[PDB]
Amino acid sequence: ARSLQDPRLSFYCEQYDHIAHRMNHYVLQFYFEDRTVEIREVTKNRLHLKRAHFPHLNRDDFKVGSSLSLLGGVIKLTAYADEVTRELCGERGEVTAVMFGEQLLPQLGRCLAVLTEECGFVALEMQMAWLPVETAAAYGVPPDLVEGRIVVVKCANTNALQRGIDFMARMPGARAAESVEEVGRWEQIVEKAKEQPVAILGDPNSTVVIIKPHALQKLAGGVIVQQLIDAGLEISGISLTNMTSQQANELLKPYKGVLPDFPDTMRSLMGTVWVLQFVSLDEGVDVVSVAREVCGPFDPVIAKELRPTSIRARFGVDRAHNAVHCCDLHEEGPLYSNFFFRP
Amino acid sequence: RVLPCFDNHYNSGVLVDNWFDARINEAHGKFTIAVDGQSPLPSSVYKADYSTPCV
Amino acid sequence: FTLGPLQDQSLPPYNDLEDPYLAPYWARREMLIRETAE
Amino acid sequence: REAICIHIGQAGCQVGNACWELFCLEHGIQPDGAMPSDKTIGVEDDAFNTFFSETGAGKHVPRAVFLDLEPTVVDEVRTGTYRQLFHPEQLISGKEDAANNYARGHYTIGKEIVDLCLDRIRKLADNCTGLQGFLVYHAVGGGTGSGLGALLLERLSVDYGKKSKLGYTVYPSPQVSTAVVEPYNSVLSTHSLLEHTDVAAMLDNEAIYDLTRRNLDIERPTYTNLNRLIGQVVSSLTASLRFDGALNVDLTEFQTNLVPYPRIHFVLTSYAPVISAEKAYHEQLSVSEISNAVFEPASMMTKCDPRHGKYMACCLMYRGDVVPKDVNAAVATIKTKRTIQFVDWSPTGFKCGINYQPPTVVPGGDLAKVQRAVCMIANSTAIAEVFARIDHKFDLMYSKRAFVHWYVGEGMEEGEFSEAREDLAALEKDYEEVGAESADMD
Amino acid sequence: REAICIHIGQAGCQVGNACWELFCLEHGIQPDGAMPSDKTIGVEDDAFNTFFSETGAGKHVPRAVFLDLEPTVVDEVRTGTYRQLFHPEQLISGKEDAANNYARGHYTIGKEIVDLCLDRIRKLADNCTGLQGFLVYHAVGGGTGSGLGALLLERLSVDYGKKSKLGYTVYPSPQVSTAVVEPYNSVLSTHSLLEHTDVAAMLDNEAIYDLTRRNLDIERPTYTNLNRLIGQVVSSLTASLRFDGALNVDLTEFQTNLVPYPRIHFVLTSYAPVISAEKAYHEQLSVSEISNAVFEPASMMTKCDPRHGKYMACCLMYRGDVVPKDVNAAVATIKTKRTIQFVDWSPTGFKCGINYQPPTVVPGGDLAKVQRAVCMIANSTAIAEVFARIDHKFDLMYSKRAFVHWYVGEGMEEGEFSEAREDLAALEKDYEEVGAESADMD
Amino acid sequence: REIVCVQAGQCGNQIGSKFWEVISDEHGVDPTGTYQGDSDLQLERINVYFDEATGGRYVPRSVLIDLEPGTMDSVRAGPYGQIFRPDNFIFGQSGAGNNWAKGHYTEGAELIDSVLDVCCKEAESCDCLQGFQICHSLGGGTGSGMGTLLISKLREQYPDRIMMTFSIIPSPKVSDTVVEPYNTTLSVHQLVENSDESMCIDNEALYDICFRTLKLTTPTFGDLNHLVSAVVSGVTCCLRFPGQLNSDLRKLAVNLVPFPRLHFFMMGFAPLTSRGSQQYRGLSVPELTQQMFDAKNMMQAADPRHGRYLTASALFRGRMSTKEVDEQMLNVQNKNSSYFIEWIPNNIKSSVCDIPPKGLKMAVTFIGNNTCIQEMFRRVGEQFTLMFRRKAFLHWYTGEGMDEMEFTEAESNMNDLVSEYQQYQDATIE
Ligand SMILES: Nc1nc2c(ncn2[C@@H]2O[C@H](COP(=O)(O)OP(=O)(O)OP(=O)(O)O)[C@@H](O)[C@H]2O)c(=O)[nH]1
Ligand SMILES: Nc1nc2c(ncn2[C@@H]2O[C@H](COP(=O)(O)OP(=O)(O)OP(=O)(O)O)[C@@H](O)[C@H]2O)c(=O)[nH]1
Ligand SMILES: Nc1nc2c(ncn2[C@@H]2O[C@H](COP(=O)(O)OP(=O)(O)O)[C@@H](O)[C@H]2O)c(=O)[nH]1
Ligand SMILES: [Mg+2]
Ligand SMILES: [Mg+2]
């Protein structure tokens with residue numbers, strides 16, 4: 001085929017250039033009938049990437065305010081470029097925001113499970129915020145949730161507001177925005193938290209776990225979080241960031257010469273990932289040992305044969321795609337936390 | 001350079017002589033040098049270029 | 001009286017050998033060599 | 001990159017209406033000249049540039065002139081639906097027709113109008129940066145098409161020189177006829193076209209009527225159908241300049257590959273999947289079936305039988321979903337056939353092109369929607385039979401000077417008839433000599 | 001320590017706008033004359049003092065005068081964005097222009113305005129403790145720049161005496177031209193400028209247009225681009241007084257090293273890393289590459305070809321991350337080249353300077369950001385070609401007294417034309433005689 | 001730098017009404033005189049053409065003179081007529097009768113003193129006075145005689161300023177009056193001595209502009225006077241708006257006039273195009289440059305291809321590059337080198353102004369000094385010699401009081417002007 005009048009979706013996009021320290025703006029076109037992408041420059045009307053096939057993309061991935069991985073780089077979709085994509089991509093991109101309170105962190109895994117795999121909300125923004133009383137009052141948090149950590153999630157689904165109200169009614173404790181201005185203020189909250197997040201720094205008894213994108217596509221993140229919490233760990237820190245290939249190389253440099261599938265493991269960390277930091281309130285619990293015992297062997301077949309209840313035996317498919325990456329030494333906690341949370 | 005020397009009895013609508021120009025002229029109206037209206041004048045080059053630089 | 005095509009409207013490069021206003025200079029140099037010898 | 005279109009006379013302007021309708025619909029330009037409001041995203045692509053130029057406000061305007069001596073057809077364009085598409089200066093019209101006299105167009109009336117036309121073409125050529133040829137549409141059966149087409153080709157050939165000139169020409173059909181004096185105009189026109197054209201495409205109305213009756217299911221066809229088929233052929237040949245593809249073909253490549261000797265430049269044209277929607281769903285349309293179709297005499301748009309001659313060169317353009325290995329397998333199968341013959345001095349007889357853009361469907365059209373199509377232009381000695389039959393009708397009429405007094409009254413010497421008849425005799429002898437085997441000549 | 005800048009007429013004021021924009025952004029002074037509250041802390045510094053003075057409340061004010069006879073350009077600076085930076089007394093404007101007449105500026109109109117200029121320069125010179133020269137920017141093509149610039153330089157030369165005066169001068173381009181009377185004004189200006197200037201740098205707009213087309217990718221440049229390039233050159237030459245370096249160069253060293261005889265003081269100028277942001281990150285820009293760059297005539301900011309003459313002295317200023325060993329290796333490689341030739345009486349042809357401050361980047365600018373740059377000013381006999389074409393144009397026009405009645409009516413004796421033309425003839429003979437080989441005396 | 005305008009006679013008053021309408025429109029002045037503009041760039045040079053009256057009002061610095069008040073009642077009745085100061089209308093009680101001698105000697109000397117009092121009152125109010133601008137026809141009666149009388153008096157009283165004139169001259173084909181040669185010859189004799197710069201316009205050229213370029217079906221004198229008002233308002237644009245390369249009337253004179261008698265110029269204005277065609281072609285410096293030298297857009301019947309350019313000037317308005325202007329002027333000089341006088345190394349002056357006329361992105365006005373102007377004077381001299389040999393209508397002029405020696409002097413002076421242009425046309429370097 002390769003026709004020029006075939007249906008497509010158009011967006012304006014942004015991508016940071018780490019070499020020139022400059023921001024670039026493009027126009028992205030996605031022909032969903034055959035999974036091909038073309039990119040053009042806004043400034044001088046120059047071609048950037050010829051029409052090429054990408055088999056790992058899908059129609060559900062392209063949403064406003066989302067991020068994609070393309071040839072190892074991260075690209076951000078914040079626009080609508082014509083009316084046709086406004087008609088097609090609308091009705092499934094309404095934005096709602098959900099906040100969580102202190103008393104419901106110990107059941108946060110089931111909260112994310114009911115949020116994602118049963119209420120139908122797919123979401124990429126998730127952070128933990130601690131605010132002073134005056135700023136919290138100004139931004140408009142509920143009064144009963146002041147003086148505590150809060151997790152704000154920016155969801156997207158059809159009929160977002162009414163479904164969010166239904167989610168409020170279904171499980172107690174959560175709060176959701178009831179108007180557009182509340183949504184805007186909570187988006188400001190999550191951006192401000194992104195400018196300076198909250199976590200414990202310099203603690204030798206800490207552990208950081210990353211959840212791979214293919215695990216998220218199967219809607220298994222909440223169950224993984226709940227299983228980690230159940231083992232005797234307290235959550236302190238949450239984030240949703242997109243990491244590029246250079247960041248993956250810098251994070252995984254000590255492994256160069258250990259893993260037998262290093263470039264394939266590097267590719268598995270591209271996309272949207274969740275970041276979890278765990279600490280223990282008892283000095284008699286070593287977080288790294290229990291985290292690694294729960295995670296299991298890094299080879300999914302060995303994990304299935306020997307430790308059938310492990311996370312990797314539950315959600316792994318191959319050595320490169322083992323659904324979790326966790327710290328393996330007793331000194332890596334501060335380094336991982338500094339990498340993932342220091343501004 | 002010569003002047004027109006033909007007498008046109010008919011009106012615009014009959015395809016003789018200058019019907020196209022007659023139709024356009026009766027469509028628009030009076031004659032002005034200006035093409036567009038209600039547009040602000042651009043600023044000078046010095047004002048546009050030498051602005052307050054970013055800190 | 002023609003302005004020519006658009007693609008030939010650009011700046012011609014300067015070549016001082018073919019500049020019509022510098023011919024006496026080159027003639028002066030060509031005389032100057034023999035003047036120096038004598 | 002760019003191409004300029006010159007339309008002369010009635011057939012050429014009417015075929016131009018269908019051509020520009022098709023090029024607009026393929027690029028997506030609206031009849032007013034602007035892209036649709038729900039499709040303007042801020043940036044676009046250069047493919048239109050071959051046929052349109054933008055002013056800067058985003059209106060598109062086409063690289064064409066319409067030339068006629070009678071006002072009616074151009075006044076229909078000025079008052080029709082595409083009024084806003086064309087620039088008004090491009091539509092040039094005289095006061096009175098050439099009355100089926102080549103002499104009247106060439107000597108009496110066209111001499112006054114030709115200099116304004118040359119000024120318009122010059123004004124177009126100055127606003128280009130990669131002009132690569134002229135496309136000309138005219139009929140040689142009528143007076144103004146023959147006379148003014150010849151005069152304008154002569155002036156263009158002196159002023160622009162090396163630039164290529166490709167002609168699409170409607171010749172007099174072998175039994176369908178419209179005017180009595182057609183043989184005289186066609187002989188004297190053909191004399192001028194021999195010296196001043198690089199490739200000449202031959203068309204016969206009787207072939208396009210037969211093709212529309214047999215393949216399509218139309219019992220009562222009219223000129224709009226023929227003009228839409230011609231527009232499809234021109235779109236297929238020019239697609240190589242406008243869209244991405246595996247094997248592109250520039251207009252200079254046609255002349256190098258198709259013309260063996262400087263006089264042997266008359267080519268036959270054919271198109272494969274002319275098919276209706278009801279037949280299209282009963283049949284698959286693979287590469288090998290349409291490749292076999294273009295060589296059958298039922299597919300041609302000119303009334304000649306290629307079985308009475310030998311092919312010298314073929315240029316095959318595939319557009320749509322085709323893969324090069326299938327084109328190679330098809331061409332290898334054609335070479336095996338015994339009813340297809342090539343001159344022994346042309347061992348590599350084929351040129352291929354592969355483009356991804358499938359053929360466009362026009363809202364009121366009669367062609368079905370198909371995933372692939374192939375168009376062929378070929379040089380063959382069979383065309384000598386077409387000239388001989390016009391020459392026979394000329395000989396019958398000229399033996400009694402049946403209408404000559406009109407031509408001599410409008411300014412022509414009687415000697416010009418004998419010169420043109422001798423030039424066509426020499427062209428027939430060239431096609432006889434070029435086809436003689438070297439094995440018999442040793 | 002201190003330097004005073006004198007800007008005359010339209011070109012000089014517009015180039016001044018770009019220069020002061022750059023000096024503000026490099027030191028960090030805001031357009032209102034202050035500095036941010038956090039830029040005061042740190043080590044105690046004063047490098048701005050060469051160009052700014054503080055009142056004590058922390059406002060900065062610059063050591064410059066802007067001179068014009070028409071109000072428009074000075075009213076534009078007075079009403080623009082930098083209104084609070086300049087002292088209102090500093091912006092001096094007359095009522096009416098010199099109308100491209102050197103005589104009107106020198107005899108009739110500049111004599112009334114000159115005493116205010118001298119009073120302002122005196123008020124500046126009283127507020128200094130280490131004045132080391134005057135910098136002058138003007139164009140010799142216009143009436144007020146030539147006439148008032150000459151009259152003011154004569155008065156300054158009498159009052160201040162030995163203090164140095166370095167000029168940046170815009171000469172008439174060899175084929176691009178803006179006014180008919182340019183030859184008369186340039187000859188009459190050059191006659192006065194010969195006696196009262198220590199080094200004169202020549203610029204031509206045609207060279208900066210060529211440089212902006214070849215290196216940058218700008219199809220339609222305007223004067224703001226040229227003025228920003230000139231500002232970069234001035235910043236490079238004055239950086240040696242303001243920042244730390246391995247080999248410093250005081251403003252007196254240019255005059256001592258570049259001028260062999262008191263009339264031979266006209267120098268050529270060029271700048272190396274003129275490059276666009278998109279090209280800069282695909283290539284390294286080592287010392288040897290930019291050193292090789294400064295010698296091609298395509299890099300020069302004056303339209304002359306140095307291959308038709310011999311160099312007498314070169315001064316190379318390096319700023320940024322450069323190491324002396326690379327400068328020595330580069331200069332030895334240049335000395336090896338066969339297309340670079342020095343007069344045999346100048347065996348030790350080079351002066352070097354090395355400064356640590358890299359060039360600043362301006363928000364609206366078109367140059368990329370780079371870690372190192374080199375700028376060269378050099379004295380060469382090729383400059384004799386520039387005077388010969390102006391002198392020929394004067395001879396062509398003066399043979400018929402084409403415009404002389406304006407000059408004689410506005411107050412000038414006809415004898416002044418012959419005197420100036422004879423002085424320029426003697427300057428041409430000086431450049432002819434100095435370039436004569438000393439070899440073969442026996 | 002203030003200009004004082006003088007409009008004399010029917011043609012002058014009619015052209016003046018449209019000129020002051022165009023100037024009031026660009027600066028946003030209502031016909032009541034109130035400023036209603038929308039940018040400070042409009043106010044900062046309002047003084048150049050308007051004086052400020054109390055409580056907001058602006059008044060235009062113009063003197064209206066005529067011998068019969070019919071035209072003045074028509075201009076006072078017009079849509080912008082109220083803006084004019086009542087004391088500035090000066091009129092007599094009997095017409096010029098199409099006779100130069102009446103306008104110069106009998107009613108001229110009677111009214112001229114009141115006009116000089118008004119012109120001095122207007123001149124001495126300016127803080128700095130720039131040149132005068134005068135519009136009149138040379139073929140009429142009060143325009144030629146009283147205009148040249150006033151020009152002579154102002155040249156006596158203000159010899160150091162500039163004197164600029166816009167003048168309408170009789171077509172060779174469209175005559176409106178039988179005695180045109182006498183009035184034209186005497187007026188040209190007065191102008192060549194008194195004037196500093198004179199522009200000439202043929203009504204035939206404005207008709208050809210309207211029919212060929214604008215394709216107007218039924219043009220009227222309002223269209224011709226609008227084209228003239230547009231070009232008149234364009235020459236002064238650099239005096240009253242900022243720009244990259246400022247220019248001035250004195251600087252134009254210095255670059256255009258090689259010798260003091262050679263001060264007669266051709267005029268043109270470039271962006272002319274019909275309402276149907278305008279959607280098909282965008283403005284750009286090449287298009288304006290191509291139209292600017294096309295003789296179709298030049299306002300006199302003589303054609304440039306029969307002569308040579310001594311000098312020319314182009315003033316550009318709009319945001320545009322200087323490189324394209326310089327390279328266009330070089331390209332036109334290099335390709336058509338035979339049409340430029342060879343003993344001047346560069347014949348074209350350019351100037352650039354930031355603010356275009358309202359409704360146009362860019363515009364240029366062209367002033368040309370071309371030897372083909374000699375053809376108009378030769379035609380007037382032939383018709384004069386045919387009429388003078390037979391004393392065809394001379395008794396009217398002699399009855400007013402003129403001596404016959406003035407006619408022979410004026411004929412000799414015009415013949416010498418034609419000879420001087422012809423000599424510079426055929427000059428060579430040798
Ligand atoms: N296919 C096709 N053939 C046409 C068309 N119009 C005319 N013809 C044929 O072309 C021949 C007539 O040529 P014309 O175009 O009418 O001649 P002309 O150019 O008008 O010359 P004049 O009669 O002198 O004005 C006949 O054989 C017609 O059948 C058309 O629109 N399509
Ligand atoms: N590089 C550069 N050249 C300029 C600039 N402004 C004017 N010029 C050039 O300098 C010459 C004109 O000199 P002007 O400065 O306008 O003359 P002037 O000093 O105003 O003299 P008067 O006209 O009598 O007032 C022309 O060659 C212009 O191209 C500028 O800002 N930068
Ligand atoms: N272009 C133009 N010409 C005019 C106008 N009014 C009159 N004329 C011409 O000027 C000449 C008549 O001169 P006129 O003004 O009556 O002379 P006066 O009697 O001295 O004022 C004739 O050639 C008229 O065609 C006008 O509004 N515009
Ligand atoms: Mg016809
Ligand atoms: Mg000036």
# chains A, B, ... in the order shown; residues from 1 in each chain; ligands from 1
call {"tool": "residues_near_ligand", "arguments": {"ligand": "ligand 1", "cutoff": "9 Å", "atoms": "only C-alpha atoms and all ligand atoms", "output": "PyMOL selection string"}}
result
chain D and resi 8-15+68-70+96-102+104-105+138-147+170-173+176-179+182+203-205+208+222-227+230
call {"tool": "select_by_dssp", "arguments": {"residues": "chain C", "states": "alpha helix (DSSP H)", "output": "list in words"}}
result
residues 23, 24, 25, 26, 27, 28, 29, 30, 31, 32, 33, 34, 35, 36 and 37 of chain C
call {"tool": "interface_residues", "arguments": {"of": "chain A", "to": "chain D", "cutoff": "10 Å", "atoms": "only C-alpha atoms", "output": "PyMOL selection string"}}
result
chain A and resi 1-5+10-12+27+40-47+80-85
call {"tool": "write_last_selection", "arguments": {"atoms": "C-alpha atoms", "output": "compact mmCIF listing (two decimals), in the first residue's frame"}}
result
# COMPACT_ATOMS: atom_id res chain seq x y z
CA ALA A 1 0.00 0.00 0.00
CA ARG A 2 2.07 2.90 1.39
CA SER A 3 -0.54 5.47 0.37
CA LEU A 4 -0.34 9.16 1.22
CA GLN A 5 -4.04 9.57 2.09
CA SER A 10 -0.70 14.01 14.35
CA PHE A 11 0.93 15.62 17.40
CA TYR A 12 3.46 18.26 18.34
CA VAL A 27 5.57 17.03 14.41
CA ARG A 40 9.18 16.58 10.76
CA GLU A 41 10.78 19.75 12.13
CA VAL A 42 8.50 22.67 13.00
CA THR A 43 11.10 25.42 12.73
CA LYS A 44 12.38 24.99 9.16
CA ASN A 45 10.08 22.29 7.69
CA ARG A 46 12.86 19.70 7.48
CA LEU A 47 12.47 15.94 7.38
CA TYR A 80 -3.20 18.03 19.01
CA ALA A 81 -2.11 18.99 15.51
CA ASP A 82 -5.38 18.84 13.54
CA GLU A 83 -9.10 18.36 14.09
CA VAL A 84 -9.23 14.75 12.87
CA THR A 85 -6.95 13.53 15.66
call {"tool": "residues_around", "arguments": {"residues": "stretch 314-318 of chain A", "least_positions_apart": "2", "cutoff": "12 Å", "atoms": "only C-alpha atoms", "output": "JSON, numbers by chain"}}
result
{"A": [211, 212, 213, 214, 215, 216, 217, 218, 219, 220, 221, 223, 224, 227, 261, 264, 265, 268, 294, 295, 296, 297, 298, 299, 300, 301, 302, 303, 304, 305, 307, 308, 309, 310, 311, 312, 320, 321, 322, 323, 324, 325]}
call {"tool": "calpha_fit_rmsd", "arguments": {"fixed": "chain E", "moving": "chain D"}}
result
0.8 Å
call {"tool": "residues_near_ligand", "arguments": {"ligand": "ligand 3", "cutoff": "7 Å", "atoms": "only C-alpha atoms and all ligand atoms", "output": "PyMOL selection string"}}
result
chain F and resi 9-12+14-15+66+96-98+137+139-144+168+170+175-176+203+221-222+224-225
call {"tool": "write_last_selection", "arguments": {"atoms": "N, CA, C and O atoms", "output": "mmCIF file, in the first residue's frame"}}
result
data_model
loop_
_atom_site.group_PDB
_atom_site.id
_atom_site.type_symbol
_atom_site.label_atom_id
_atom_site.label_comp_id
_atom_site.auth_asym_id
_atom_site.auth_seq_id
_atom_site.Cartn_x
_atom_site.Cartn_y
_atom_site.Cartn_z
ATOM 1 N N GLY F 9 -4.821 76.599 -7.858
ATOM 2 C CA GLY F 9 -5.689 76.255 -8.992
ATOM 3 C C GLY F 9 -6.521 75.005 -8.793
ATOM 4 O O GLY F 9 -6.431 74.347 -7.743
ATOM 5 N N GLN F 10 -7.321 74.682 -9.806
ATOM 6 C CA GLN F 10 -8.275 73.553 -9.693
ATOM 7 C C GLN F 10 -7.548 72.223 -9.520
ATOM 8 O O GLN F 10 -7.877 71.471 -8.592
ATOM 9 N N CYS F 11 -6.593 71.945 -10.394
ATOM 10 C CA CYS F 11 -5.820 70.689 -10.289
ATOM 11 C C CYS F 11 -5.106 70.612 -8.940
ATOM 12 O O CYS F 11 -5.112 69.543 -8.310
ATOM 13 N N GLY F 12 -4.500 71.716 -8.518
ATOM 14 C CA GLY F 12 -3.751 71.688 -7.254
ATOM 15 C C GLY F 12 -4.655 71.453 -6.059
ATOM 16 O O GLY F 12 -4.316 70.647 -5.188
ATOM 17 N N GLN F 14 -7.580 69.988 -6.083
ATOM 18 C CA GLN F 14 -8.151 68.625 -6.145
ATOM 19 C C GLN F 14 -7.114 67.584 -5.720
ATOM 20 O O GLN F 14 -7.441 66.685 -4.928
ATOM 21 N N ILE F 15 -5.898 67.680 -6.246
ATOM 22 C CA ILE F 15 -4.828 66.749 -5.804
ATOM 23 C C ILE F 15 -4.556 66.928 -4.306
ATOM 24 O O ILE F 15 -4.342 65.931 -3.597
ATOM 25 N N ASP F 66 -6.674 80.624 -5.207
ATOM 26 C CA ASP F 66 -7.391 80.478 -6.492
ATOM 27 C C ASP F 66 -8.059 81.810 -6.830
ATOM 28 O O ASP F 66 -8.302 82.626 -5.924
ATOM 29 N N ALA F 96 -9.045 83.351 -14.070
ATOM 30 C CA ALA F 96 -7.801 83.581 -14.830
ATOM 31 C C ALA F 96 -8.080 83.644 -16.334
ATOM 32 O O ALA F 96 -7.227 84.155 -17.063
ATOM 33 N N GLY F 97 -9.213 83.119 -16.783
ATOM 34 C CA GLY F 97 -9.514 83.144 -18.222
ATOM 35 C C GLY F 97 -8.548 82.312 -19.045
ATOM 36 O O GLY F 97 -8.432 82.577 -20.257
ATOM 37 N N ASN F 98 -7.875 81.341 -18.428
ATOM 38 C CA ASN F 98 -6.865 80.499 -19.120
ATOM 39 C C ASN F 98 -5.727 81.348 -19.694
ATOM 40 O O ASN F 98 -5.065 80.901 -20.635
ATOM 41 N N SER F 137 -0.972 72.909 -12.137
ATOM 42 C CA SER F 137 -0.831 72.570 -13.571
ATOM 43 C C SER F 137 -0.116 73.704 -14.300
ATOM 44 O O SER F 137 -0.284 74.887 -13.940
ATOM 45 N N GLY F 139 -0.566 74.012 -17.675
ATOM 46 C CA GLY F 139 -1.416 74.371 -18.824
ATOM 47 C C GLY F 139 -2.519 75.354 -18.484
ATOM 48 O O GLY F 139 -3.089 75.946 -19.409
ATOM 49 N N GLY F 140 -2.811 75.539 -17.201
ATOM 50 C CA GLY F 140 -3.934 76.395 -16.807
ATOM 51 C C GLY F 140 -3.609 77.871 -16.868
ATOM 52 O O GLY F 140 -2.774 78.298 -17.680
ATOM 53 N N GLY F 141 -4.278 78.642 -16.020
ATOM 54 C CA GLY F 141 -4.118 80.103 -16.061
ATOM 55 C C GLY F 141 -3.606 80.686 -14.762
ATOM 56 O O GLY F 141 -2.543 81.318 -14.764
ATOM 57 N N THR F 142 -4.345 80.485 -13.675
ATOM 58 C CA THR F 142 -3.881 80.960 -12.351
ATOM 59 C C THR F 142 -2.802 80.033 -11.792
ATOM 60 O O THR F 142 -1.875 80.529 -11.133
ATOM 61 N N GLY F 143 -2.903 78.735 -12.058
ATOM 62 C CA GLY F 143 -1.843 77.819 -11.613
ATOM 63 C C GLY F 143 -0.481 78.219 -12.141
ATOM 64 O O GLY F 143 0.408 78.523 -11.344
ATOM 65 N N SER F 144 -0.366 78.394 -13.452
ATOM 66 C CA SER F 144 0.958 78.713 -14.028
ATOM 67 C C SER F 144 1.414 80.109 -13.617
ATOM 68 O O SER F 144 2.487 80.243 -13.001
ATOM 69 N N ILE F 168 1.556 69.289 -13.401
ATOM 70 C CA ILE F 168 0.822 68.570 -14.477
ATOM 71 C C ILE F 168 1.059 69.318 -15.784
ATOM 72 O O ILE F 168 0.957 70.559 -15.807
ATOM 73 N N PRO F 170 0.597 69.456 -20.279
ATOM 74 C CA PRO F 170 -0.365 68.974 -21.258
ATOM 75 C C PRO F 170 0.068 67.755 -22.070
ATOM 76 O O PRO F 170 1.198 67.694 -22.542
ATOM 77 N N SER F 175 -5.498 67.336 -25.500
ATOM 78 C CA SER F 175 -5.434 68.739 -25.051
ATOM 79 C C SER F 175 -6.780 69.086 -24.433
ATOM 80 O O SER F 175 -7.811 68.625 -24.952
ATOM 81 N N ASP F 176 -6.765 69.848 -23.347
ATOM 82 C CA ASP F 176 -8.008 70.414 -22.778
ATOM 83 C C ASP F 176 -8.177 71.895 -23.163
ATOM 84 O O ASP F 176 -9.296 72.407 -23.007
ATOM 85 N N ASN F 203 -1.380 63.099 -17.725
ATOM 86 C CA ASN F 203 -2.670 62.413 -17.481
ATOM 87 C C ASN F 203 -2.795 61.145 -18.331
ATOM 88 O O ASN F 203 -3.457 60.187 -17.894
ATOM 89 N N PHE F 221 -11.321 61.086 -12.123
ATOM 90 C CA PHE F 221 -10.205 61.945 -11.673
ATOM 91 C C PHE F 221 -9.805 61.642 -10.232
ATOM 92 O O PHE F 221 -8.650 61.903 -9.856
ATOM 93 N N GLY F 222 -10.728 61.113 -9.436
ATOM 94 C CA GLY F 222 -10.370 60.679 -8.072
ATOM 95 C C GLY F 222 -9.308 59.591 -8.055
ATOM 96 O O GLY F 222 -8.431 59.601 -7.183
ATOM 97 N N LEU F 224 -6.931 59.108 -10.474
ATOM 98 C CA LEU F 224 -5.658 59.730 -10.889
ATOM 99 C C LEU F 224 -5.063 60.525 -9.723
ATOM 100 O O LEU F 224 -3.855 60.420 -9.446
ATOM 101 N N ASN F 225 -5.906 61.282 -9.037
ATOM 102 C CA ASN F 225 -5.411 62.067 -7.889
ATOM 103 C C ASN F 225 -5.027 61.164 -6.718
ATOM 104 O O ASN F 225 -4.171 61.564 -5.925
#
call {"tool": "interface_residues", "arguments": {"of": "chain E", "to": "chain C", "cutoff": "8 Å", "atoms": "only C-alpha atoms", "output": "ChimeraX atom specification"}}
result
/E:385,388-389,392-393
call {"tool": "interface_residues", "arguments": {"of": "chain D", "to": "chain F", "cutoff": "9 Å", "atoms": "only C-alpha atoms", "output": "PDB file with C-alpha atoms, in the first residue's frame"}}
result
ATOM      1  CA  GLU D  54       2.237  28.529  -3.459  1.00  0.00           C
ATOM      2  CA  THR D  55       1.985  32.323  -3.147  1.00  0.00           C
ATOM      3  CA  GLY D  56       2.618  32.464   0.620  1.00  0.00           C
ATOM      4  CA  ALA D  57      -0.933  32.788   1.945  1.00  0.00           C
ATOM      5  CA  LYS D  59      -3.259  29.205  -1.984  1.00  0.00           C
ATOM      6  CA  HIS D  60      -2.090  26.769  -4.667  1.00  0.00           C
ATOM      7  CA  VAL D  61      -1.910  27.733  -8.363  1.00  0.00           C
ATOM      8  CA  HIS D  87      -4.523  32.426 -12.732  1.00  0.00           C
ATOM      9  CA  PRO D  88      -6.618  34.584 -15.133  1.00  0.00           C
ATOM     10  CA  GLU D  89      -3.511  35.655 -17.129  1.00  0.00           C
TER      11      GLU D  89
END
